[PDB]
>>> print(open('input.tsv').read())   # TSV, C-alpha atoms
chain	number	residue	atom	x	y	z
L	1	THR	CA	14.89	79.51	-84.35
L	2	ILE	CA	14.14	80.32	-87.99
L	3	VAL	CA	16.57	83.19	-87.46
L	4	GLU	CA	18.82	80.68	-85.68
L	5	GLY	CA	18.29	78.62	-88.82
L	6	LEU	CA	19.89	81.44	-90.80
L	7	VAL	CA	23.09	81.29	-88.77
L	8	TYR	CA	23.67	77.58	-89.33
L	9	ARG	CA	23.28	78.25	-93.06
L	10	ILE	CA	26.08	80.81	-92.78
L	11	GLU	CA	28.64	78.75	-90.85
L	12	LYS	CA	28.17	75.85	-93.22
L	13	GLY	CA	28.37	78.35	-96.08
L	14	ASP	CA	24.97	77.43	-97.55
L	15	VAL	CA	24.21	81.08	-98.36
L	16	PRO	CA	24.52	83.11	-101.57
L	17	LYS	CA	27.82	84.82	-102.30
L	18	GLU	CA	26.49	88.29	-101.52
L	19	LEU	CA	25.37	87.30	-98.00
L	20	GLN	CA	28.44	85.47	-96.76
L	21	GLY	CA	29.96	86.04	-93.35
L	22	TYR	CA	27.38	88.49	-91.97
L	23	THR	CA	26.85	88.11	-88.23
L	24	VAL	CA	23.45	88.26	-86.56
L	25	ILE	CA	23.29	90.73	-83.68
L	26	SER	CA	20.51	90.32	-81.14
L	27	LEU	CA	19.32	93.25	-79.02
L	28	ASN	CA	18.79	92.60	-75.31
L	29	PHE	CA	16.99	95.20	-73.19
L	30	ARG	CA	19.44	94.54	-70.38
L	31	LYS	CA	21.32	97.47	-71.94
L	32	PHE	CA	18.78	99.70	-73.72
L	33	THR	CA	16.93	101.11	-70.73
L	34	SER	CA	19.92	100.85	-68.38
L	35	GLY	CA	22.13	103.19	-70.37
L	36	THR	CA	19.64	106.05	-69.96
L	37	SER	CA	21.75	108.45	-67.94
L	38	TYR	CA	20.41	111.44	-69.89
L	39	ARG	CA	18.00	112.01	-72.76
L	40	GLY	CA	20.60	112.90	-75.38
L	41	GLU	CA	22.99	110.15	-74.30
L	42	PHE	CA	20.44	107.48	-75.27
L	43	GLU	CA	20.52	108.39	-78.95
L	44	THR	CA	24.30	108.95	-79.02
L	45	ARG	CA	24.76	105.26	-78.29
L	46	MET	CA	22.61	104.62	-81.35
L	47	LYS	CA	24.59	107.30	-83.22
L	48	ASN	CA	27.76	105.33	-82.50
L	49	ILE	CA	25.93	102.28	-83.81
L	50	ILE	CA	24.13	103.70	-86.87
L	51	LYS	CA	27.17	105.55	-88.25
L	52	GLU	CA	29.01	102.25	-87.99
L	53	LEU	CA	25.95	100.54	-89.48
L	54	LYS	CA	26.42	102.23	-92.87
L	55	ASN	CA	30.11	102.90	-93.58
L	56	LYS	CA	31.11	99.56	-92.06
L	57	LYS	CA	30.32	97.34	-95.10
L	58	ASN	CA	31.36	94.33	-93.03
L	59	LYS	CA	29.44	91.55	-91.25
L	60	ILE	CA	26.18	93.20	-90.22
L	61	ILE	CA	22.76	91.71	-89.35
L	62	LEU	CA	20.45	93.30	-86.79
L	63	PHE	CA	17.96	91.21	-84.85
L	64	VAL	CA	15.05	92.09	-82.58
L	65	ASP	CA	13.28	89.54	-80.38
L	66	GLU	CA	9.97	91.43	-80.20
L	67	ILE	CA	9.38	94.77	-81.92
L	68	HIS	CA	6.45	95.42	-79.56
L	69	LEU	CA	8.99	96.72	-77.05
L	70	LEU	CA	10.48	99.02	-79.70
L	71	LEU	CA	7.63	100.82	-81.43
L	72	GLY	CA	4.50	99.65	-79.63
L	73	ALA	CA	5.30	100.18	-75.96
L	74	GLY	CA	7.02	103.18	-74.43
L	75	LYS	CA	6.42	106.73	-73.29
L	76	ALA	CA	7.49	109.27	-75.93
L	77	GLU	CA	10.20	110.58	-73.60
L	78	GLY	CA	10.73	107.23	-71.86
L	79	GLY	CA	12.94	105.90	-74.64
L	80	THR	CA	11.96	104.10	-77.83
L	81	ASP	CA	8.60	105.36	-79.09
L	82	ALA	CA	6.74	105.69	-82.40
L	83	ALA	CA	8.90	108.79	-83.00
L	84	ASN	CA	12.07	106.67	-82.89
L	85	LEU	CA	15.03	107.28	-85.21
L	86	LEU	CA	15.69	105.67	-88.62
L	87	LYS	CA	12.16	106.21	-89.93
L	88	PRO	CA	13.29	107.67	-93.31
L	89	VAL	CA	16.61	105.82	-93.17
L	90	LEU	CA	15.35	102.23	-92.99
L	91	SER	CA	13.46	102.70	-96.27
L	92	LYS	CA	16.90	102.96	-97.86
L	93	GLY	CA	18.97	99.83	-98.36
L	94	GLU	CA	21.75	100.88	-96.01
L	95	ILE	CA	20.70	98.95	-92.87
L	96	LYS	CA	19.83	95.24	-92.65
L	97	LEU	CA	17.59	94.22	-89.75
L	98	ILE	CA	15.38	91.19	-89.09
L	99	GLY	CA	12.48	91.36	-86.63
L	100	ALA	CA	9.80	89.09	-85.20
L	101	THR	CA	6.36	89.69	-83.68
L	102	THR	CA	3.17	87.86	-82.81
L	103	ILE	CA	0.06	88.59	-84.86
L	104	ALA	CA	-2.33	89.23	-81.98
L	105	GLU	CA	-0.45	92.35	-80.88
L	106	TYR	CA	0.98	93.24	-84.32
L	107	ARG	CA	-2.16	95.28	-85.11
L	108	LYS	CA	-0.71	97.89	-82.73
L	109	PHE	CA	1.84	98.74	-85.43
L	110	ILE	CA	-1.07	99.41	-87.77
L	111	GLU	CA	-2.70	101.48	-85.04
L	112	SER	CA	0.45	103.21	-83.75
L	113	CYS	CA	0.75	105.74	-86.56
L	114	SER	CA	-0.18	103.71	-89.73
L	115	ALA	CA	3.17	104.63	-91.25
L	116	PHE	CA	5.35	101.59	-90.51
L	117	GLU	CA	3.13	99.52	-92.81
L	118	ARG	CA	5.17	100.10	-95.95
L	119	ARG	CA	8.31	100.21	-93.79
L	120	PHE	CA	8.39	96.48	-93.09
L	121	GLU	CA	7.68	93.24	-94.93
F	1	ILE	CA	16.38	77.53	-55.91
F	2	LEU	CA	14.30	80.71	-55.84
F	3	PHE	CA	10.76	81.08	-54.57
F	4	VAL	CA	8.27	83.93	-54.89
F	5	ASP	CA	5.27	84.65	-52.67
F	6	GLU	CA	3.24	86.07	-55.58
F	7	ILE	CA	4.40	86.84	-59.11
F	8	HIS	CA	1.63	89.47	-59.05
F	9	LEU	CA	3.72	91.32	-56.48
F	10	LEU	CA	6.38	91.59	-59.19
F	11	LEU	CA	3.95	93.41	-61.50
F	12	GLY	CA	3.80	96.59	-59.40
F	13	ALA	CA	6.63	99.04	-58.79
F	14	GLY	CA	10.09	99.24	-60.34
F	15	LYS	CA	10.38	102.96	-61.12
F	16	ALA	CA	13.47	105.17	-61.76
F	17	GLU	CA	14.87	103.08	-64.61
F	18	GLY	CA	12.41	103.24	-67.54
F	19	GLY	CA	10.45	100.02	-67.00
F	20	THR	CA	9.02	97.55	-64.51
F	21	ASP	CA	11.49	95.31	-62.66
F	22	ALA	CA	9.94	92.02	-63.77
F	23	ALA	CA	8.09	93.07	-66.93
F	24	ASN	CA	11.40	94.16	-68.46
F	25	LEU	CA	13.87	91.68	-66.98
F	26	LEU	CA	13.95	87.87	-67.20
F	27	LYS	CA	12.08	87.79	-70.49
F	28	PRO	CA	14.69	85.85	-72.54
F	29	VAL	CA	16.20	84.54	-69.31
F	30	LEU	CA	13.11	82.60	-68.27
F	31	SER	CA	12.62	81.61	-71.92
F	32	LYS	CA	15.47	79.13	-71.50
F	33	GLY	CA	16.10	76.91	-68.52
F	34	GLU	CA	18.46	78.76	-66.21
F	35	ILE	CA	16.72	79.83	-63.01
F	36	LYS	CA	15.30	77.27	-60.57
F	37	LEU	CA	12.31	79.49	-59.81
F	38	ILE	CA	9.12	78.20	-58.23
F	39	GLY	CA	6.08	80.47	-58.04
F	40	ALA	CA	2.66	80.54	-56.43
F	41	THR	CA	-0.33	82.73	-57.30
F	42	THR	CA	-3.98	83.15	-56.42
F	43	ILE	CA	-6.26	81.77	-59.15
F	44	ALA	CA	-8.38	84.92	-59.12
F	45	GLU	CA	-5.25	87.04	-59.42
F	46	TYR	CA	-3.81	84.75	-62.12
F	47	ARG	CA	-6.19	85.91	-64.88
F	48	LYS	CA	-4.08	89.03	-65.45
F	49	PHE	CA	-1.23	86.97	-66.87
F	50	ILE	CA	-3.56	85.11	-69.22
F	51	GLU	CA	-5.88	87.92	-70.30
F	52	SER	CA	-4.06	91.19	-69.66
F	53	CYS	CA	-0.37	90.40	-70.12
F	54	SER	CA	-0.89	87.32	-72.38
F	55	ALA	CA	2.85	86.72	-72.93
F	56	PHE	CA	4.06	84.74	-69.91
F	57	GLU	CA	1.36	82.06	-70.36
F	58	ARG	CA	3.90	79.78	-72.06
F	59	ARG	CA	6.80	80.90	-69.87
F	60	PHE	CA	5.42	79.39	-66.66
F	61	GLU	CA	3.32	76.26	-66.17
K	1	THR	CA	10.87	111.70	-105.85
K	2	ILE	CA	9.12	114.66	-107.42
K	3	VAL	CA	10.97	116.93	-104.98
K	4	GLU	CA	14.22	115.06	-105.66
K	5	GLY	CA	13.30	115.19	-109.34
K	6	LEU	CA	13.67	118.99	-109.47
K	7	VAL	CA	17.43	118.87	-108.94
K	8	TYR	CA	17.71	116.21	-111.64
K	9	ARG	CA	15.79	118.76	-113.75
K	10	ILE	CA	18.13	121.68	-113.01
K	11	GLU	CA	20.73	120.04	-115.25
K	12	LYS	CA	18.02	119.28	-117.82
K	13	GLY	CA	17.41	123.01	-118.24
K	14	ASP	CA	13.61	122.70	-118.06
K	15	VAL	CA	13.47	125.21	-115.21
K	16	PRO	CA	12.73	128.94	-115.37
K	17	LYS	CA	15.73	131.25	-115.44
K	18	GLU	CA	14.88	132.92	-112.13
K	19	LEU	CA	14.80	129.53	-110.35
K	20	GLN	CA	18.30	128.35	-111.31
K	21	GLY	CA	21.32	127.44	-109.21
K	22	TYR	CA	19.23	126.84	-106.08
K	23	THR	CA	20.15	123.96	-103.78
K	24	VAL	CA	17.68	121.72	-101.96
K	25	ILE	CA	18.63	121.20	-98.33
K	26	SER	CA	17.19	117.85	-97.30
K	27	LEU	CA	16.54	117.94	-93.57
K	28	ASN	CA	16.75	114.89	-91.32
K	29	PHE	CA	14.92	115.07	-87.99
K	30	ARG	CA	18.11	113.77	-86.36
K	31	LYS	CA	19.65	117.13	-87.30
K	32	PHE	CA	16.95	119.28	-85.65
K	33	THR	CA	16.26	118.29	-82.06
K	34	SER	CA	18.78	115.58	-81.15
K	35	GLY	CA	21.58	118.11	-80.61
K	36	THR	CA	19.42	120.36	-78.43
K	37	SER	CA	19.98	120.41	-74.67
K	38	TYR	CA	16.81	121.91	-73.03
K	39	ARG	CA	18.75	125.12	-72.32
K	40	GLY	CA	19.17	128.67	-73.64
K	41	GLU	CA	21.64	126.96	-76.01
K	42	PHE	CA	18.52	125.92	-77.97
K	43	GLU	CA	17.78	129.28	-79.60
K	44	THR	CA	21.48	129.74	-80.34
K	45	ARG	CA	20.94	126.86	-82.77
K	46	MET	CA	17.61	128.19	-84.08
K	47	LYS	CA	19.12	131.44	-85.37
K	48	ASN	CA	21.89	129.38	-87.02
K	49	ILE	CA	19.19	127.87	-89.22
K	50	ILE	CA	16.46	130.47	-89.44
K	51	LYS	CA	17.79	134.00	-89.15
K	52	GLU	CA	21.20	133.39	-90.75
K	53	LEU	CA	19.53	132.20	-93.96
K	54	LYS	CA	17.02	135.03	-94.53
K	55	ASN	CA	19.19	138.10	-95.19
K	56	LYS	CA	21.84	135.81	-96.69
K	57	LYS	CA	21.61	136.17	-100.46
K	58	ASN	CA	22.67	132.55	-101.06
K	59	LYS	CA	20.49	130.22	-103.10
K	60	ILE	CA	18.22	128.36	-100.70
K	61	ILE	CA	15.62	125.58	-100.81
K	62	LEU	CA	14.36	123.87	-97.65
K	63	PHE	CA	12.55	120.56	-97.33
K	64	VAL	CA	10.39	119.21	-94.50
K	65	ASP	CA	9.97	115.45	-94.13
K	66	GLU	CA	6.74	115.70	-92.13
K	67	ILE	CA	5.10	118.59	-90.34
K	68	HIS	CA	3.62	116.13	-87.83
K	69	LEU	CA	7.11	115.11	-86.74
K	70	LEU	CA	7.76	118.76	-85.87
K	71	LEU	CA	4.70	118.68	-83.58
K	72	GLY	CA	5.72	115.47	-81.79
K	73	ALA	CA	9.12	116.25	-80.25
K	74	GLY	CA	10.31	119.59	-78.96
K	75	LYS	CA	7.95	119.85	-75.99
K	76	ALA	CA	10.47	121.09	-73.47
K	77	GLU	CA	8.79	124.13	-71.93
K	78	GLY	CA	11.81	126.35	-72.43
K	79	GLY	CA	12.45	125.05	-75.92
K	80	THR	CA	8.97	125.24	-77.51
K	81	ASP	CA	9.27	125.48	-81.30
K	82	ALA	CA	6.27	123.18	-81.92
K	83	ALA	CA	5.12	125.26	-84.96
K	84	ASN	CA	5.74	128.46	-82.95
K	85	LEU	CA	8.27	129.95	-85.33
K	86	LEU	CA	8.05	130.57	-89.12
K	87	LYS	CA	4.81	132.55	-88.67
K	88	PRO	CA	5.83	135.61	-90.80
K	89	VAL	CA	7.76	133.26	-93.11
K	90	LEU	CA	4.41	131.85	-94.30
K	91	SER	CA	3.69	135.32	-95.72
K	92	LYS	CA	7.27	136.32	-96.62
K	93	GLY	CA	9.03	135.13	-99.75
K	94	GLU	CA	12.64	134.91	-98.57
K	95	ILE	CA	12.55	131.28	-97.37
K	96	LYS	CA	11.61	128.43	-99.73
K	97	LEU	CA	10.34	125.37	-97.84
K	98	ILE	CA	8.59	122.19	-99.01
K	99	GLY	CA	6.59	119.94	-96.69
K	100	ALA	CA	5.08	116.50	-97.06
K	101	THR	CA	2.13	115.03	-95.15
K	102	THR	CA	-0.30	112.17	-95.56
K	103	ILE	CA	-3.97	113.00	-96.07
K	104	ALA	CA	-5.32	111.20	-92.99
K	105	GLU	CA	-2.74	113.01	-90.86
K	106	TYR	CA	-3.10	116.35	-92.67
K	107	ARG	CA	-6.82	116.18	-91.95
K	108	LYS	CA	-5.83	116.06	-88.28
K	109	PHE	CA	-3.33	118.87	-88.84
K	110	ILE	CA	-5.82	121.43	-90.11
K	111	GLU	CA	-9.14	120.94	-88.35
K	112	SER	CA	-7.66	120.08	-84.93
K	113	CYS	CA	-6.75	123.74	-84.31
K	114	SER	CA	-8.39	125.55	-87.28
K	115	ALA	CA	-5.77	128.32	-87.14
K	116	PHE	CA	-3.36	127.12	-89.85
K	117	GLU	CA	-6.32	126.76	-92.23
K	118	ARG	CA	-5.57	129.82	-94.37
K	119	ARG	CA	-1.76	129.63	-94.14
K	120	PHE	CA	-0.98	126.30	-95.74
K	121	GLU	CA	-2.47	124.70	-98.85
R	1	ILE	CA	-26.81	116.33	-97.58
R	2	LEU	CA	-29.43	117.38	-100.13
R	3	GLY	CA	-30.35	120.77	-98.67
R	4	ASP	CA	-27.14	121.21	-96.68
R	5	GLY	CA	-23.40	120.59	-96.56
R	6	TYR	CA	-22.48	122.02	-93.17
R	7	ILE	CA	-22.70	118.84	-91.09
R	8	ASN	CA	-21.28	119.23	-87.59
R	9	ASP	CA	-19.43	116.15	-86.33
R	10	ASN	CA	-18.01	115.25	-82.93
R	11	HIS	CA	-14.92	116.95	-84.41
R	12	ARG	CA	-17.03	119.92	-85.67
R	13	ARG	CA	-15.52	119.94	-89.17
R	14	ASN	CA	-17.50	120.85	-92.26
R	15	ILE	CA	-18.32	118.32	-94.98
R	16	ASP	CA	-19.35	120.04	-98.21
R	17	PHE	CA	-21.31	117.96	-100.72
R	18	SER	CA	-20.91	120.28	-103.70
R	19	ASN	CA	-20.28	118.84	-107.18
R	20	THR	CA	-21.63	115.41	-106.21
R	21	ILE	CA	-23.96	113.25	-108.29
R	22	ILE	CA	-26.02	111.31	-105.76
R	23	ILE	CA	-27.26	107.91	-106.95
R	24	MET	CA	-30.29	106.37	-105.24
R	25	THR	CA	-30.98	102.78	-106.32
R	26	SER	CA	-33.52	100.32	-104.99
R	27	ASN	CA	-35.71	97.80	-106.73
R	28	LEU	CA	-39.48	98.03	-106.06
R	29	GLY	CA	-39.65	96.00	-109.25
R	30	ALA	CA	-41.84	93.08	-108.24
R	31	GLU	CA	-45.62	93.39	-107.65
R	32	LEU	CA	-45.77	95.61	-110.77
R	33	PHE	CA	-43.30	93.84	-113.07
R	34	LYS	CA	-45.58	90.88	-113.61
R	35	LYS	CA	-45.86	89.40	-117.09
R	36	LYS	CA	-47.52	92.45	-118.61
R	37	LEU	CA	-44.09	93.86	-119.39
R	38	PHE	CA	-42.50	90.39	-119.31
R	39	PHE	CA	-44.04	88.17	-122.02
R	40	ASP	CA	-43.80	90.90	-124.63
R	41	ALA	CA	-40.22	91.75	-123.79
R	42	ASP	CA	-39.04	91.22	-127.38
R	43	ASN	CA	-40.51	94.28	-129.08
R	44	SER	CA	-41.82	96.09	-125.94
R	45	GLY	CA	-43.62	98.72	-128.00
R	46	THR	CA	-43.02	102.06	-129.59
R	47	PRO	CA	-46.76	103.10	-129.66
R	48	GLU	CA	-48.37	100.92	-127.00
R	49	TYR	CA	-46.17	99.63	-124.18
R	50	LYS	CA	-44.57	103.03	-123.53
R	51	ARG	CA	-48.00	103.99	-122.22
R	52	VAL	CA	-48.00	100.73	-120.27
R	53	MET	CA	-44.59	101.52	-118.79
R	54	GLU	CA	-45.45	105.13	-117.94
R	55	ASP	CA	-48.53	103.85	-116.10
R	56	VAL	CA	-46.22	101.53	-114.17
R	57	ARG	CA	-43.75	104.43	-113.89
R	58	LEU	CA	-46.52	106.57	-112.40
R	59	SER	CA	-47.29	103.78	-109.93
R	60	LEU	CA	-43.64	103.62	-108.87
R	61	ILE	CA	-43.95	107.31	-107.98
>>> encode(input="input.tsv", output="structure tokens")
Amino acid sequence: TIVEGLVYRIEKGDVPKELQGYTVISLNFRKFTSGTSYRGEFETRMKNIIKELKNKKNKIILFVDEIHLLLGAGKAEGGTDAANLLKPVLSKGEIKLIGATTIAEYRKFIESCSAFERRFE
Amino acid sequence: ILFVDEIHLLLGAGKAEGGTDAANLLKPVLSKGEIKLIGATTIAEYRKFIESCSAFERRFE
Amino acid sequence: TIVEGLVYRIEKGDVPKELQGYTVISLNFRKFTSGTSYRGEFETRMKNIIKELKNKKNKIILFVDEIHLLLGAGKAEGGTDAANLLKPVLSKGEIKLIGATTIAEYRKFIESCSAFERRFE
Amino acid sequence: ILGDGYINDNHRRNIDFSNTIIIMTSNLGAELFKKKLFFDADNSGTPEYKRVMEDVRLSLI
């Protein structure tokens, strides 16, 4: 709802000039695990996304409900793991995402590989 | 109106897709009021939602 | 940024004469093992990188993001390549590579097998 | 550590303690540092109290 609170600031225009228009995109796991027809075809869906996440320069805001499904949980070949994409890319200012976790499981990101610590705020 | 014998029976199988049938699905769906579900669990079973899973404890009542 | 500094220092002229003109090839992990298809088409891509750029006289500099990422993915039995190749390259001087690891991981790189102890530095 | 440097762990690495200055502090100060040293703390002696301190220094050994 704080992230919902961002959206109402946008539609009423109560945002700075550099952040106007940009649309929040949530990420439901109705479609992440269900598209897994092959191993390579999982990342190609992201490749269609990420290439249009940089050269788009249009309304772009990424949102995750709980990052514990992204980088905490998951077999290394079962989908999203600690060896997920965009590890050196998200340090650069070319992708805008906003995530949310609970503290009591957030120590798993410290104990996953201890390398996403400087990768998030 | 849906009814389940045990929600613990929904924490078992669910293979050949990448995740458990109930532990993946219905997570933002049961967050809001859509489904008219009613459940029933053994008390001694029920500790696994509170201790082990520790996420659905606010989803159900 | 010290590795990326060196190319900013080619134009400064504070390089030795025998190390001039060379081009750093930055290497994303998305380029290595995403486009591989668990087949004998794998090693058709490995010679495109490795063996085509040894006897080629062109000016070459490699760069590894992390060596631990190269040990994580690439477990297909047919594919292998989890530090299997580049074994005479660590004593030959044709290929110029640069790696980067963190200390707490590089401690677990060396003493977990104790075979790469004399190769790397 | 002092006579060694080849400590086997559960991971069986070596831990060399070469080029290390080892610093071993503890007090033992009371029950000898009564007022003998204490009430003449101003000058504390070039001829006399050095002998008094070495006698205490011997008793710390």
>>> calpha_fit_rmsd(input="input.tsv", fixed="chain K", moving="chain L")
2.2 Å
>>> atom_distance(input="input.tsv", atom1="atom CA of residue K:25", atom2="atom CA of residue K:62")
5.1 Å
>>> axis_aligned_box(input="input.tsv", around="stretch 42-51 of chain R", padding_each_side="6 Å", output="lines of an AutoDock Vina configuration file")
center_x = -43.7
center_y = 97.6
center_z = -125.9
size_x = 21.3
size_y = 24.8
size_z = 19.4
>>> interface_residues(input="input.tsv", of="chain K", to="chain L", cutoff="10 Å", atoms="all atoms listed in the file", output="ChimeraX atom specification")
/K:28-30,33-38,65,69,72-73,75,102,104-105
>>> atom_distance(input="input.tsv", atom1="atom CA of residue F:3", atom2="atom CA of residue F:41")
11.5 Å
>>> interface_residues(input="input.tsv", of="chain K", to="chain R", cutoff="12 Å", atoms="all atoms listed in the file", output="list in words")
residues 107, 108, 110, 111, 112, 113, 114 and 117 of chain K
>>> atom_distance(input="input.tsv", atom1="atom CA of residue L:3", atom2="atom CA of residue F:37")
28.2 Å
>>> closest_residue(input="input.tsv", among="L:97, L:74, L:49, L:59", to="residue L:10", atoms="only C-alpha atoms")
L:59
>>> closest_residue(input="input.tsv", among="R:1, R:44, R:51, R:34", to="residue R:19", atoms="all atoms listed in the file")
R:1
>>> interface_residues(input="input.tsv", of="chain F", to="chain L", cutoff="9 Å", atoms="only C-alpha atoms", output="PyMOL selection string")
chain F and resi 17-19+24-25+28
>>> residues_around(input="input.tsv", residues="residue K:101", least_positions_apart="4", cutoff="7 Å", atoms="all atoms listed in the file", output="compact mmCIF listing (two decimals) with C-alpha atoms, in the frame of the given file")
# COMPACT_ATOMS: atom_id res chain seq x y z
CA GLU K 66 6.74 115.70 -92.13
CA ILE K 67 5.10 118.59 -90.34
CA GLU K 105 -2.74 113.01 -90.86
CA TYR K 106 -3.10 116.35 -92.67
